[PDB]
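Worksheet for the structure shown next.
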Amino acid sequence: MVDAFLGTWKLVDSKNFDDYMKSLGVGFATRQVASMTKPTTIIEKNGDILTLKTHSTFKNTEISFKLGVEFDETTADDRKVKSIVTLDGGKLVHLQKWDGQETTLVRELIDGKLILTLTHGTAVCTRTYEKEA
Ligand SMILES: O=C(O)CC1CCCCCCCCCCCCCCC1
């Protein structure tokens with residue numbers, strides 16, 4: 001039931017992303033640039049393989065995965081993690097594990113907007129994306 005997440009999405013609001021990045025140990029210069037970057041996220045499916053692209057003027061990433069199947073990932077901040085993405089309560093939940101640490105990247109649809117909640121430690125960041133035509 002991932003279909004409503006598919007498409008091209010643009011960042012239109014960000015709350016507490018610096019706190020999230022700081023919690024992950026991201027350096028101040030990268031945080032500075034990141035705080036002024038507006039990514040485009042593209043979510044595509046081919047059968048039961050999802051591909052999630054994050055494009056920006058600063059960093060770009062791409063992951064492909066099957067729901068519910070662990071995959072290796074190297075994040076935009078260069079963490080090497082073990083990841084799984086699932087649907088839970090209609091939300092796309094991406095869990096990353098490394099060094100006994102965890103972070104979740106939770107996507108939900110609210111009134112047509114895609115709300116991405118990033119949690120690590122006590123830091124909770126909420127980013128809002130709107131759908132591009
Ligand atoms: O998808 C999001 O909106 C958040 C992730 C991507 C951010 C891409 C733009 C800025 C690059 C920042 C690099 C250091 C922090 C990366 C944290 C994980 C990816 C967040």
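Simple scheme: letters A, B, ... for chains in structure tokens order, numbers from 1 for residues in each chain, numbers from 1 for ligands in the order shown.
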| How would you write, as a VMD selection string, the set of residues no farther than 7 Å from ligand 1 when counting only C-alpha atoms and all ligand atoms? | chain A and resid 11 21 26 30 to 31 34 37 to 39 41 54 56 58 to 60 75 to 77 127
Selection file, C-alpha atoms, as a short mmCIF file (atom, residue, chain, number, x, y, z; two decimals), in the first residue's frame:
```
data_model
loop_
_atom_site.label_atom_id
_atom_site.label_comp_id
_atom_site.auth_asym_id
_atom_site.auth_seq_id
_atom_site.Cartn_x
_atom_site.Cartn_y
_atom_site.Cartn_z
CA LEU A 11 11.02 20.20 0.78
CA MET A 21 22.23 16.35 12.47
CA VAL A 26 27.49 16.00 11.71
CA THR A 30 27.87 20.54 6.82
CA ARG A 31 24.98 21.49 9.11
CA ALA A 34 22.27 21.48 4.98
CA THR A 37 19.32 23.02 1.20
CA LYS A 38 15.91 22.02 -0.16
CA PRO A 39 16.04 18.45 -1.45
CA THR A 41 12.84 13.23 -2.99
CA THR A 54 17.25 12.36 -2.61
CA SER A 56 20.03 18.47 -3.84
CA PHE A 58 24.72 19.62 -1.65
CA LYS A 59 24.41 15.80 -1.30
CA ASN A 60 22.61 13.21 -3.40
CA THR A 75 23.89 7.60 4.41
CA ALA A 76 24.36 11.17 3.24
CA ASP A 77 26.56 11.77 6.32
CA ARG A 127 10.29 17.95 7.49
#
```
| field | Close residues, residue 99 (chain A) itself excluded, 12 Å, only C-alpha atoms, min 6 positions apart in chain, as a count of residues only | value | 4
| said: Counting only C-alpha atoms, which residue out of A:16, A:96, A:22, A:107 sits closest to residue 73 (chain A)? | reply: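 For residue 73 (chain A), the nearest of the candidates is A:96.
Of note, CA of residue 15 (chain A) and CA of residue 66 (chain A) are spaced 29.4 Å apart.
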| request: Can you work out which one of A:111, A:78, A:32, A:84 has the shortest atom-to-atom distance to residue 65 (chain A), counting only C-alpha atoms? | output: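 Going through A:111, A:78, A:32, A:84 one by one, the smallest distance to residue 65 (chain A) is for A:84.
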| Between A:6, A:124, A:67, A:24, which is the closest to residue 101 (chain A) once you count only C-alpha atoms? |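 Of A:6, A:124, A:67, A:24, the one nearest residue 101 (chain A), counting only C-alpha atoms, is A:24.
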| request: Return as a VMD selection string the full set of residues in chain A whose backbone-based DSSP assignment is strand (DSSP E). | output: chain A and resid 7 to 15 40 to 46 49 to 55 61 to 66 71 to 74 80 to 88 91 to 98 101 to 110 113 to 120 123 to 132
| Selected residue, from A:17, A:3, A:62, A:25, that lies nearest to residue 46 (chain A) when counting only C-alpha atoms | A:3
| field | Members of chain A assigned helix (DSSP H, G or I) by DSSP, as a ChimeraX atom specification | value | /A:3-5,17-23,28-35
| said: Set the distance at 9 Å and use only C-alpha atoms: which residues neighbour residue 53 (chain A) once local chain neighbours fewer than 2 positions away are removed? I'd like the list as a PyMOL selection string. | reply: chain A and resi 40-44+51+55+60-64
| request: Point out the residue among A:132, A:18, A:72, A:13 with the least atom-to-atom distance to residue 97 (chain A), counting only C-alpha atoms. | output: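 Using only C-alpha atoms, residue 97 (chain A) sits closest to A:72.
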| Nearest candidate to residue 35 (chain A) (options A:74, A:19, A:50, A:69; using only C-alpha atoms) |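 Looking at the shortest contact to residue 35 (chain A), the residue is A:19.
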| task | May I have the residues within 9 Å of residue 122 (chain A) as an MDAnalysis selection string, using only C-alpha atoms and disregarding those fewer than 2 positions away in the same chain? | result | chainID A and resid 20 23 119:120 124
| So which residues touch residue 131 (chain A) within 9 Å, counting only C-alpha atoms, skipping near sequence neighbours fewer than 3 positions away, as a ChimeraX atom specification? | /A:7-10,112-114
Kindly export the residues of the current selection with C-alpha atoms, as a PDB file, in the first residue's frame.
```
ATOM      1  CA  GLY A   7       6.308  10.552  -6.998  1.00  0.00           C
ATOM      2  CA  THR A   8       8.463  13.606  -6.805  1.00  0.00           C
ATOM      3  CA  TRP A   9       8.416  15.671  -3.604  1.00  0.00           C
ATOM      4  CA  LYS A  10      10.023  19.018  -2.695  1.00  0.00           C
ATOM      5  CA  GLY A 112      -1.617  15.432   0.761  1.00  0.00           C
ATOM      6  CA  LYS A 113       1.733  16.496   2.239  1.00  0.00           C
ATOM      7  CA  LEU A 114       4.456  14.038   3.057  1.00  0.00           C
TER       8      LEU A 114
END
```
